[PDB]
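Please read the structure below before turning to the comments.
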Amino acid sequence: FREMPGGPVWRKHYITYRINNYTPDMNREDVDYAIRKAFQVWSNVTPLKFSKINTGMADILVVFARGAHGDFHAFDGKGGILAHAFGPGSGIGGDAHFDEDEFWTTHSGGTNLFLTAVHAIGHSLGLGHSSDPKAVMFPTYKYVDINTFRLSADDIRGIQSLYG
Ligand SMILES: CCCCCCCCCCCCCC(=O)OC[C@H](COP(=O)(O)OCC[N+](C)(C)C)OC(=O)CCCCCCCCCCCCC
Ligand SMILES: CCCCCCCCCCCCCC(=O)OC[C@H](COP(=O)(O)OCC[N+](C)(C)C)OC(=O)CCCCCCCCCCCCC
Ligand SMILES: CCCCCCCCCCCCCC(=O)OC[C@H](COP(=O)(O)OCC[N+](C)(C)C)OC(=O)CCCCCCCCCCCCC
Ligand SMILES: CCCCCCCCCCCCCC(=O)OC[C@H](COP(=O)(O)OCC[N+](C)(C)C)OC(=O)CCCCCCCCCCCCC
Ligand SMILES: CCCCCCCCCCCCCC(=O)OC[C@H](COP(=O)(O)OCC[N+](C)(C)C)OC(=O)CCCCCCCCCCCCC
Ligand SMILES: CCCCCCCCCCCCCC(=O)OC[C@H](COP(=O)(O)OCC[N+](C)(C)C)OC(=O)CCCCCCCCCCCCC
Ligand SMILES: CCCCCCCCCCCCCC(=O)OC[C@H](COP(=O)(O)OCC[N+](C)(C)C)OC(=O)CCCCCCCCCCCCC
Ligand SMILES: CCCCCCCCCCCCCC(=O)OC[C@H](COP(=O)(O)OCC[N+](C)(C)C)OC(=O)CCCCCCCCCCCCC
Ligand SMILES: CCCCCCCCCCCCCC(=O)OC[C@H](COP(=O)(O)OCC[N+](C)(C)C)OC(=O)CCCCCCCCCCCCC
Ligand SMILES: CCCCCCCCCCCCCC(=O)OC[C@H](COP(=O)(O)OCC[N+](C)(C)C)OC(=O)CCCCCCCCCCCCC
Ligand SMILES: CCCCCCCCCCCCCC(=O)OC[C@H](COP(=O)(O)OCC[N+](C)(C)C)OC(=O)CCCCCCCCCCCCC
Ligand SMILES: CCCCCCCCCCCCCC(=O)OC[C@H](COP(=O)(O)OCC[N+](C)(C)C)OC(=O)CCCCCCCCCCCCC
Ligand SMILES: CCCCCCCCCCCCCC(=O)OC[C@H](COP(=O)(O)OCC[N+](C)(C)C)OC(=O)CCCCCCCCCCCCC
Ligand SMILES: [Ca+2]
Ligand SMILES: [Ca+2]
Ligand SMILES: [Ca+2]
Ligand SMILES: [Zn+2]
Ligand SMILES: [Zn+2]
């Protein structure tokens with residue numbers, strides 16, 4: 001099962017975001033492109049509609065933070081945790097908080113925001129991990145370029161199991 005166990009449900013269809021704050025590590029244009037491109041994965045396989053606002057409330061608050069920051073959790077440092085993604089719904093939750101003591105880079109063997117944000121939006125929609133050794137929701141990372149990116153049959157099967 002590629003779904004999160006429990007009853008993940010948003011009951012919301014038209015979803016929006018704001019990028020809270022821009023990282024020094026990779027610049028604001030390259031962030032807002034990476035997070036556009038992340039979102040635009042799951043629209044090609046969802047009936048959900050995703051938009052960006054510049055006024056009002058973001059449903060999925062994308063925020064770049066470090067430390068014991070709130071929410072008890074903690075972000076670790078360089079390495080370890082890449083995101084605190086929540087699960088779906090209104091309020092605090094439905095959100096994907098990234099670690100900023102992480103050093104995020106668009107180079108092939110450095111920490112990729114695109115490939116993480118995709119699963120972190122997935123975590124937020126109610127997806128867990130996959131178990132086919134070609135999937136993106138597999139635990140271990142495998143690097144794939146931004147634009148030659150494709151979801152694997154298992155991963156598509158898991159969002160279609162959930163929203164079908
Ligand atoms: C009817 C008559 C009306 C007259 C109107 C006069 C004109 C008013 C114009 C208002 C201009 C408002 C500017 C604006 O919205 O600023 C918002 C910003 C950014 O919003 P946003 O982009 O979400 O920033 C997010 C990132 N973060 C969390 C790192 C801040 O916010 C900031 O960047 C954060 C600012 C923090 C200030 C903190 C001060 C704390 C200590 C002082 C507390 C005093 C309490 C009374
Ligand atoms: C009449 C009774 C007293 C009323 C005066 C009370 C004091 C008002 C304080 C306003 C302080 C303005 C501070 C400022 O520069 O705001 C910039 C905002 C930007 O907000 P935003 O775009 O959210 O910035 C986001 C940053 N990000 C993405 C990295 C997270 O940009 C704006 O939203 C555009 C408007 C900025 C200026 C607003 C105030 C103009 C002057 C107000 C009165 C001055 C009297 C000397
Ligand atoms: C002694 C105790 C009292 C001290 C009072 C201190 C008041 C401090 C006000 C300014 C705080 C600014 C701190 C700061 O650097 O925020 C940076 C962020 C993100 O930085 P980040 O992008 O994380 O990289 C930081 C280093 N960088 C750019 C050189 C590569 O940038 C943002 O997230 C965007 C928001 C930009 C606001 C630009 C506002 C400039 C006006 C500052 C106040 C002017 C009064 C003359
Ligand atoms: C007698 C009790 C009367 C009560 C009347 C209250 C009526 C208020 C009407 C509000 C309608 C417009 C709302 C709207 O479009 O808001 C947009 C912005 C504020 O957006 P906000 O996201 O807060 O700031 C956006 C920019 N950012 C991110 C850089 C900070 O803000 C704007 O762009 C500026 C719009 C100013 C609207 C002034 C309307 C004056 C009508 C006054 C009627 C008689 C009052 C005596
Ligand atoms: C200390 C600082 C001030 C703190 C208080 C500020 C005000 C508190 C109440 C704010 C309520 C704002 C209402 C407002 O946003 O109206 C906006 C509309 C439509 O804007 P729209 O952009 O569609 O909705 C904005 C919000 N958004 C971005 C999240 C989707 O646009 C309007 O429909 C147009 C403007 C109409 C104003 C009419 C005022 C009528 C007064 C009549 C008096 C009759 C006396 C007999
Ligand atoms: C000079 C500038 C100073 C600024 C100081 C801080 C001011 C706090 C402003 C809070 C205003 C929030 C306005 C609000 O309506 O936010 C709504 C968003 C989403 O609402 P949403 O369900 O999308 O639309 C509501 C329904 N509609 C379409 C029928 C209007 O939902 C929210 O984002 C959830 C509510 C957040 C509550 C935050 C309340 C803070 C109170 C303490 C402020 C202390 C400031 C020192
Ligand atoms: C009745 C009135 C109520 C007054 C407010 C009460 C609020 C009480 C609840 C506080 C919750 C604080 C949660 C928290 O730690 O948020 C921190 C955030 C982000 O996490 P963090 O990673 O710490 O941000 C570090 C800087 N960054 C963005 C560049 C990576 O921090 C940021 O994004 C920076 C925001 C601007 C902070 C500028 C400095 C404010 C100094 C004064 C604080 C006054 C508090 C009363
Ligand atoms: C100032 C006069 C001298 C004070 C005596 C100090 C005596 C020893 C105190 C304990 C030693 C603390 C040393 C220190 O600098 O701690 C600062 C802390 C944490 O520093 P640190 O953990 O490096 O910050 C890491 C990064 N961060 C912000 C992203 C989490 O900073 C924070 O965690 C930020 C605190 C934010 C509080 C915001 C308001 C929260 C309570 C509001 C309640 C409102 C209703 C009452
Ligand atoms: C500043 C800008 C940048 C921000 C960067 C990201 C910063 C992250 C801060 C962490 C996020 C903060 C959001 C927040 O409001 O959390 C409040 C928490 C829990 O809210 P809650 O609605 O319980 O959480 C529901 C959703 N959940 C469990 C799935 C997450 O609640 C608590 O923390 C507990 C607080 C004590 C509440 C005690 C009760 C108050 C009412 C008492 C009524 C007494 C009646 C006699
Ligand atoms: C003598 C006993 C008296 C008790 C009176 C009531 C006390 C209620 C507040 C209790 C707070 C206790 C500590 C706690 O739960 O902190 C929660 C988290 C901490 O996560 P953590 O990362 O450990 O925070 C490090 C510190 N920080 C945020 C400054 C970097 O930090 C948060 O997540 C920050 C966000 C907090 C949102 C608070 C919203 C309250 C909404 C209440 C509306 C109803 C009021 C009637
Ligand atoms: C209570 C009298 C307050 C008078 C305030 C007048 C000024 C209001 C300024 C605007 C504040 C925000 C208005 C608001 O509810 O906006 C929507 C947000 C977020 O919407 P969303 O995230 O979609 O959640 C929607 C579902 N909903 C509304 C049922 C929670 O929903 C929320 O953020 C819910 C926030 C709830 C705060 C409840 C505090 C109870 C304290 C104990 C009071 C005891 C009463 C006897
Ligand atoms: C007679 C009637 C009196 C009514 C008084 C109001 C009573 C009801 C208050 C609202 C209660 C909820 C407040 C709260 O927790 O706001 C948090 C929001 C976002 O939390 P949210 O993401 O909505 O989840 C909150 C969950 N909750 C309520 C279960 C804790 O936080 C945010 O949206 C961020 C806001 C950051 C504001 C920082 C302002 C710093 C100072 C700015 C400059 C001031 C210059 C004058
Ligand atoms: C509600 C009543 C009780 C409230 C009690 C709490 C009051 C707290 C007020 C805020 C004090 C700041 C607390 C604190 O030390 O937190 C630590 C932050 C570090 O967080 P952050 O900057 O994210 O971490 C920096 C390091 N980095 C890039 C590797 C991640 O910051 C630092 O370590 C430096 C703190 C610098 C303060 C003075 C800044 C002078 C700036 C001069 C440049 C602007 C001049 C206009
Ligand atoms: Ca980390
Ligand atoms: Ca949310
Ligand atoms: Ca960083
Ligand atoms: Zn957290
Ligand atoms: Zn993963």
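Letters A, B, ... mark the chains of the structure tokens in the order given; residue numbers begin at 1 per chain; ligand numbers begin at 1, in order shown.
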
For the structure I just gave you, how does DSSP split stretch 3-76 of chain A - specifically, which residues are helix (DSSP H, G or I)? Reply as a PyMOL selection string. chain A and resi 28-43

Store the residues picked out above in a file with N, CA, C and O atoms, as a PDB file, in the first residue's frame.
ATOM      1  N   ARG A  28      15.875  32.747  -5.512  1.00  0.00           N
ATOM      2  CA  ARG A  28      14.434  32.883  -5.513  1.00  0.00           C
ATOM      3  C   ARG A  28      13.681  32.507  -6.781  1.00  0.00           C
ATOM      4  O   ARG A  28      12.629  31.889  -6.657  1.00  0.00           O
ATOM      5  N   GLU A  29      14.311  32.811  -7.917  1.00  0.00           N
ATOM      6  CA  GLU A  29      13.745  32.385  -9.182  1.00  0.00           C
ATOM      7  C   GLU A  29      13.836  30.872  -9.328  1.00  0.00           C
ATOM      8  O   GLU A  29      12.905  30.209  -9.787  1.00  0.00           O
ATOM      9  N   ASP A  30      14.950  30.267  -8.915  1.00  0.00           N
ATOM     10  CA  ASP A  30      15.293  28.869  -9.041  1.00  0.00           C
ATOM     11  C   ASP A  30      14.594  27.998  -8.002  1.00  0.00           C
ATOM     12  O   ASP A  30      14.282  26.824  -8.178  1.00  0.00           O
ATOM     13  N   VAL A  31      14.197  28.625  -6.896  1.00  0.00           N
ATOM     14  CA  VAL A  31      13.235  28.089  -5.949  1.00  0.00           C
ATOM     15  C   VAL A  31      11.769  27.995  -6.385  1.00  0.00           C
ATOM     16  O   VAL A  31      11.116  26.962  -6.232  1.00  0.00           O
ATOM     17  N   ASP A  32      11.307  29.117  -6.930  1.00  0.00           N
ATOM     18  CA  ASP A  32       9.926  29.272  -7.353  1.00  0.00           C
ATOM     19  C   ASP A  32       9.610  28.482  -8.624  1.00  0.00           C
ATOM     20  O   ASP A  32       8.492  27.996  -8.806  1.00  0.00           O
ATOM     21  N   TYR A  33      10.613  28.233  -9.465  1.00  0.00           N
ATOM     22  CA  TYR A  33      10.613  27.285 -10.559  1.00  0.00           C
ATOM     23  C   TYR A  33      10.649  25.861 -10.025  1.00  0.00           C
ATOM     24  O   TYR A  33       9.969  24.996 -10.564  1.00  0.00           O
ATOM     25  N   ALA A  34      11.429  25.583  -8.985  1.00  0.00           N
ATOM     26  CA  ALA A  34      11.545  24.200  -8.578  1.00  0.00           C
ATOM     27  C   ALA A  34      10.255  23.713  -7.931  1.00  0.00           C
ATOM     28  O   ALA A  34       9.853  22.589  -8.225  1.00  0.00           O
ATOM     29  N   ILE A  35       9.543  24.621  -7.261  1.00  0.00           N
ATOM     30  CA  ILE A  35       8.324  24.368  -6.522  1.00  0.00           C
ATOM     31  C   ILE A  35       7.096  24.445  -7.410  1.00  0.00           C
ATOM     32  O   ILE A  35       6.185  23.657  -7.161  1.00  0.00           O
ATOM     33  N   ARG A  36       7.096  25.304  -8.437  1.00  0.00           N
ATOM     34  CA  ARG A  36       6.212  25.135  -9.577  1.00  0.00           C
ATOM     35  C   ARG A  36       6.268  23.796 -10.274  1.00  0.00           C
ATOM     36  O   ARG A  36       5.259  23.133 -10.520  1.00  0.00           O
ATOM     37  N   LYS A  37       7.499  23.359 -10.551  1.00  0.00           N
ATOM     38  CA  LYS A  37       7.732  22.130 -11.282  1.00  0.00           C
ATOM     39  C   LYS A  37       7.397  20.913 -10.427  1.00  0.00           C
ATOM     40  O   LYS A  37       6.785  19.960 -10.915  1.00  0.00           O
ATOM     41  N   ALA A  38       7.631  20.986  -9.122  1.00  0.00           N
ATOM     42  CA  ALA A  38       7.195  19.995  -8.163  1.00  0.00           C
ATOM     43  C   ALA A  38       5.694  19.737  -8.140  1.00  0.00           C
ATOM     44  O   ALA A  38       5.202  18.624  -8.314  1.00  0.00           O
ATOM     45  N   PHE A  39       4.905  20.795  -7.927  1.00  0.00           N
ATOM     46  CA  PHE A  39       3.460  20.822  -7.994  1.00  0.00           C
ATOM     47  C   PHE A  39       2.880  20.311  -9.310  1.00  0.00           C
ATOM     48  O   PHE A  39       1.936  19.540  -9.244  1.00  0.00           O
ATOM     49  N   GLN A  40       3.574  20.679 -10.393  1.00  0.00           N
ATOM     50  CA  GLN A  40       3.089  20.311 -11.708  1.00  0.00           C
ATOM     51  C   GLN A  40       3.304  18.861 -12.112  1.00  0.00           C
ATOM     52  O   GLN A  40       2.705  18.447 -13.112  1.00  0.00           O
ATOM     53  N   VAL A  41       4.005  18.097 -11.280  1.00  0.00           N
ATOM     54  CA  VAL A  41       4.013  16.653 -11.369  1.00  0.00           C
ATOM     55  C   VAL A  41       2.618  16.091 -11.122  1.00  0.00           C
ATOM     56  O   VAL A  41       2.162  15.307 -11.943  1.00  0.00           O
ATOM     57  N   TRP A  42       2.001  16.504 -10.009  1.00  0.00           N
ATOM     58  CA  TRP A  42       0.946  15.701  -9.439  1.00  0.00           C
ATOM     59  C   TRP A  42      -0.334  16.159 -10.121  1.00  0.00           C
ATOM     60  O   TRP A  42      -1.298  15.400 -10.058  1.00  0.00           O
ATOM     61  N   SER A  43      -0.434  17.337 -10.749  1.00  0.00           N
ATOM     62  CA  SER A  43      -1.529  17.791 -11.578  1.00  0.00           C
ATOM     63  C   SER A  43      -1.769  17.005 -12.864  1.00  0.00           C
ATOM     64  O   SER A  43      -2.939  16.786 -13.170  1.00  0.00           O
TER      65      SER A  43
END

Check which residues fall inside 8 Å of ligand 5 when counting only C-alpha atoms and all ligand atoms, and print them as a list in words. residues 53, 55, 56 and 57 of chain A

Each residue of chain A with at least one atom at most 8 Å from ligand 15 should appear once, together with its nearest atom pair and the corresponding distance in Å (one decimal); atoms considered: only C-alpha atoms and all ligand atoms; ordering: chain, then increasing residue number; output as JSON lines.
{"residue": "A:58", "atom": "CA", "partner": "ligand 15", "partner_atom_place_in_ligand_line": "1 (Ca)", "distance": 6.7}
{"residue": "A:59", "atom": "CA", "partner": "ligand 15", "partner_atom_place_in_ligand_line": "1 (Ca)", "distance": 4.4}
{"residue": "A:60", "atom": "CA", "partner": "ligand 15", "partner_atom_place_in_ligand_line": "1 (Ca)", "distance": 4.8}
{"residue": "A:61", "atom": "CA", "partner": "ligand 15", "partner_atom_place_in_ligand_line": "1 (Ca)", "distance": 5.6}
{"residue": "A:89", "atom": "CA", "partner": "ligand 15", "partner_atom_place_in_ligand_line": "1 (Ca)", "distance": 6.8}
{"residue": "A:90", "atom": "CA", "partner": "ligand 15", "partner_atom_place_in_ligand_line": "1 (Ca)", "distance": 5.7}
{"residue": "A:91", "atom": "CA", "partner": "ligand 15", "partner_atom_place_in_ligand_line": "1 (Ca)", "distance": 4.7}
{"residue": "A:92", "atom": "CA", "partner": "ligand 15", "partner_atom_place_in_ligand_line": "1 (Ca)", "distance": 4.7}
{"residue": "A:93", "atom": "CA", "partner": "ligand 15", "partner_atom_place_in_ligand_line": "1 (Ca)", "distance": 4.6}
{"residue": "A:94", "atom": "CA", "partner": "ligand 15", "partner_atom_place_in_ligand_line": "1 (Ca)", "distance": 4.4}
{"residue": "A:95", "atom": "CA", "partner": "ligand 15", "partner_atom_place_in_ligand_line": "1 (Ca)", "distance": 4.8}

Selected residues written out, N, CA, C and O atoms, as a tab-separated table (two decimals), in the first residue's frame:
chain	number	residue	atom	x	y	z
A	58	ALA	N	-1.87	30.47	2.28
A	58	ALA	CA	-1.40	29.29	1.59
A	58	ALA	C	-1.95	28.09	2.33
A	58	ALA	O	-1.89	28.02	3.56
A	59	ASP	N	-2.34	27.09	1.53
A	59	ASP	CA	-2.91	25.87	2.06
A	59	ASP	C	-1.73	25.01	2.52
A	59	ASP	O	-1.75	24.39	3.58
A	60	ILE	N	-0.73	24.94	1.65
A	60	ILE	CA	0.54	24.26	1.88
A	60	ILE	C	1.58	25.37	2.06
A	60	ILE	O	1.95	26.07	1.12
A	61	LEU	N	1.94	25.59	3.32
A	61	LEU	CA	2.85	26.66	3.68
A	61	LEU	C	4.20	26.01	3.41
A	61	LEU	O	4.53	25.06	4.12
A	89	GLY	N	-5.08	18.56	5.32
A	89	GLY	CA	-6.20	19.28	5.89
A	89	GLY	C	-5.95	20.75	6.17
A	89	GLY	O	-4.90	21.27	5.79
A	90	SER	N	-7.02	21.39	6.65
A	90	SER	CA	-7.10	22.81	6.94
A	90	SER	C	-6.39	23.07	8.26
A	90	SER	O	-6.38	22.26	9.17
A	91	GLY	N	-5.71	24.22	8.31
A	91	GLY	CA	-4.98	24.68	9.47
A	91	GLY	C	-3.47	24.45	9.34
A	91	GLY	O	-2.96	24.38	8.23
A	92	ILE	N	-2.83	24.37	10.51
A	92	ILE	CA	-1.50	23.85	10.71
A	92	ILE	C	-1.49	22.35	10.47
A	92	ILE	O	-1.97	21.56	11.27
A	93	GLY	N	-0.89	21.88	9.37
A	93	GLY	CA	-1.04	20.62	8.67
A	93	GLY	C	-1.49	20.94	7.25
A	93	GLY	O	-2.02	21.99	6.88
A	94	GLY	N	-1.12	20.04	6.34
A	94	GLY	CA	-1.31	20.13	4.90
A	94	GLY	C	-0.10	20.76	4.25
A	94	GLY	O	-0.20	21.15	3.08
A	95	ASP	N	0.97	20.91	5.03
A	95	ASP	CA	2.13	21.77	4.84
A	95	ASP	C	3.44	21.03	4.72
A	95	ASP	O	3.51	19.86	5.11

Quick one: distance from atom CA of residue A:97 to atom CA of residue A:125 in Å, one decimal? 14.3 Å

What is the distance, in Å and to one decimal place, between atom 27 (N, counted along the ligand's line) of ligand 10 and atom CA of residue A:80?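 That distance, rounded to one decimal, is 20.3 Å.
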
Please, which residues in chain A fall within 6 Å of ligand 14 when counting only C-alpha atoms and all ligand atoms, and what is the closest atom pair and distance in Å to one decimal for each, ordered by chain then residue number, as JSON lines?
{"residue": "A:76", "atom": "CA", "partner": "ligand 14", "partner_atom_place_in_ligand_line": "1 (Ca)", "distance": 4.9}
{"residue": "A:77", "atom": "CA", "partner": "ligand 14", "partner_atom_place_in_ligand_line": "1 (Ca)", "distance": 4.6}
{"residue": "A:78", "atom": "CA", "partner": "ligand 14", "partner_atom_place_in_ligand_line": "1 (Ca)", "distance": 4.5}
{"residue": "A:79", "atom": "CA", "partner": "ligand 14", "partner_atom_place_in_ligand_line": "1 (Ca)", "distance": 4.2}
{"residue": "A:80", "atom": "CA", "partner": "ligand 14", "partner_atom_place_in_ligand_line": "1 (Ca)", "distance": 4.5}
{"residue": "A:81", "atom": "CA", "partner": "ligand 14", "partner_atom_place_in_ligand_line": "1 (Ca)", "distance": 4.2}
{"residue": "A:82", "atom": "CA", "partner": "ligand 14", "partner_atom_place_in_ligand_line": "1 (Ca)", "distance": 4.8}
{"residue": "A:99", "atom": "CA", "partner": "ligand 14", "partner_atom_place_in_ligand_line": "1 (Ca)", "distance": 5.5}
{"residue": "A:102", "atom": "CA", "partner": "ligand 14", "partner_atom_place_in_ligand_line": "1 (Ca)", "distance": 5.0}

Could you write those residues out with N, CA, C and O atoms, as a compact mmCIF listing (two decimals), in the first residue's frame?
# COMPACT_ATOMS: atom_id res chain seq x y z
N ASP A 76 17.62 19.29 11.97
CA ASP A 76 18.74 18.51 12.48
C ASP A 76 20.03 19.29 12.31
O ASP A 76 20.96 19.05 13.08
N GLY A 77 20.22 20.02 11.21
CA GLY A 77 21.55 20.33 10.73
C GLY A 77 21.71 19.95 9.27
O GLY A 77 20.69 19.66 8.64
N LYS A 78 22.89 20.06 8.66
CA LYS A 78 23.25 19.49 7.37
C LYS A 78 23.15 17.98 7.39
O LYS A 78 23.81 17.43 8.26
N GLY A 79 22.39 17.34 6.48
CA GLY A 79 22.15 15.93 6.45
C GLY A 79 20.74 15.56 6.90
O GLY A 79 19.81 16.31 6.67
N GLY A 80 20.70 14.40 7.58
CA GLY A 80 19.50 13.93 8.24
C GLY A 80 18.12 14.16 7.65
O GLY A 80 17.86 13.61 6.59
N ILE A 81 17.24 14.91 8.32
CA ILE A 81 15.94 15.37 7.89
C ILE A 81 16.11 16.39 6.77
O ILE A 81 16.96 17.29 6.85
N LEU A 82 15.33 16.29 5.70
CA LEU A 82 15.23 17.23 4.60
C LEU A 82 13.99 18.10 4.65
O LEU A 82 14.13 19.25 4.22
N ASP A 99 14.23 22.01 5.73
CA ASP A 99 15.34 22.35 6.58
C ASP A 99 16.24 23.32 5.82
O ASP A 99 16.58 23.10 4.66
N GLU A 102 20.12 22.61 5.81
CA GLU A 102 20.44 21.92 4.57
C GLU A 102 21.01 22.88 3.54
O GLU A 102 20.67 24.06 3.68

Site check for ligand 9: residues at most 12 Å away, only C-alpha atoms and all ligand atoms, as a ChimeraX atom specification: /A:8,10,19-21,60-75,84-100,124

Leaving out residue A:45 and any residue of its chain fewer than 2 positions from it, which residues lie within 12 Å of it when counting only C-alpha atoms, given as a PyMOL selection string? chain A and resi 39-43+47-49+122+150-153+155-164
